[PDB]
């Protein structure tokens, strides 16, 4: 209500004018609420510990009584501790000022003795209090459920009233630190590649376009750091990774956010067989450090098993077994069109899709849509993997694996294409498909090609959406894993 806004304004202006400071520069804070609970786990009722402390906390519940005022204080992590304002300890005016100015939502400083109530509630028997932050907007009423849209628009309020919001936010922080600790112990170095690029590449997505005033030209927010992380391989970096933001200006839904966080690792003198092992162990180690179990709990009550080895299937024979028909890279595109036409699959015909795109959409409808447990699918068509090296022995296939978890693409990994001549052909075929109506096709990068011509060692690289890693570990939506998603 707007009347409650001016009521809290009058309390603030009256407090400020009368010499009291509703927003002081500091308060003699000596203890947190958490260390007081840990220092006194069990205490009998009516106990005077004698420990004189000075604590702070947001008032989330207040109960007025004649000579004794009760108030529940809550600090940042959710730890709670009761405040006791009695006439016998704070005096008359300090008691009356508490009833006059303190409202629910205010951040207050309370100095006193750690005691337990007659009911056994661990409290701080105050002898003097002070306003730390006079709140002008009251917190939502108790158990007034915040809508899903309100939780995003006001995450700061969501972190005060909902314990699930604090746990998920602290879980994401633990995941980001677990990824760094797990990669750094393997010899990987975290590097930084530019987010403002002159030509967006390294993935298949539409970029954000902006204007530079220093260069007087159009720049692009990066969709992937792949092309610049490959420059580090040519430069000498053997084990390198980047864990930061990427911008893909496309549609947003339950699994896509235009601004999101990725992980890209690159390991010299290793193949995609080695990167699939690192990615599996990394995810399993992140689950241990951030959740405490590889059988993670899901919001529906079920438990998802992430431990042990994971199934690895090849894409062409898995589609062959699912169809009951031999499908090879030699299978003509017209055959795959007729197979997709019989299956009722809707694939656009004005986009220049050929053999490679048809096998991908056929595998998803027959194999990918049925997976649930962590499963790798490897050996992809050459047309849909421009930055991936051809297979060492199987013709027509490339050395790329895809990691699906609960019907969600979590990670990918290539045996990196180091041949500059073949890489130029891949770019020519991509720009060929873009001229055929494929807006997702990549563009030829002369600067990246020139970097390859100096010699890039045989290496393997990975990519993983950290936001989808949070969805895998927690089961929450993609917007719930972000503190402030711009929606």
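Residue numbers count along the first chain shown, from 1.
- Averaged over their C-alpha atoms, the temperature factors of 328-336 and 170-178 are higher for 328-336.
- Remark: stretch with higher mean C-alpha B factor among 295-303 and 197-205 is 295-303.
- If you compare the C-alpha temperature factors of 56, 65, 462, 418 in the entry, 65 comes out highest.
- The residue among 362, 85, 240, 110 whose C-alpha carries the highest B-factor in the deposited model is 362.
- Looking at the C-alpha B-factors along this chain, the one for residue 134 belongs to the middle third.
- Sort the modelled residues of the chain by CA B factor and residue 251 lands in the highest third.
- Placement of the Cα temperature factor of residue 437 within the chain: highest third of the modelled residues, per the deposited record.
- The PDB entry assigns residue 153 a C-alpha temperature factor belonging to the middle third of its chain's modelled residues.
- Ranked within its chain, residue 316 lands in the middle third, by CA B factor from the PDB record.
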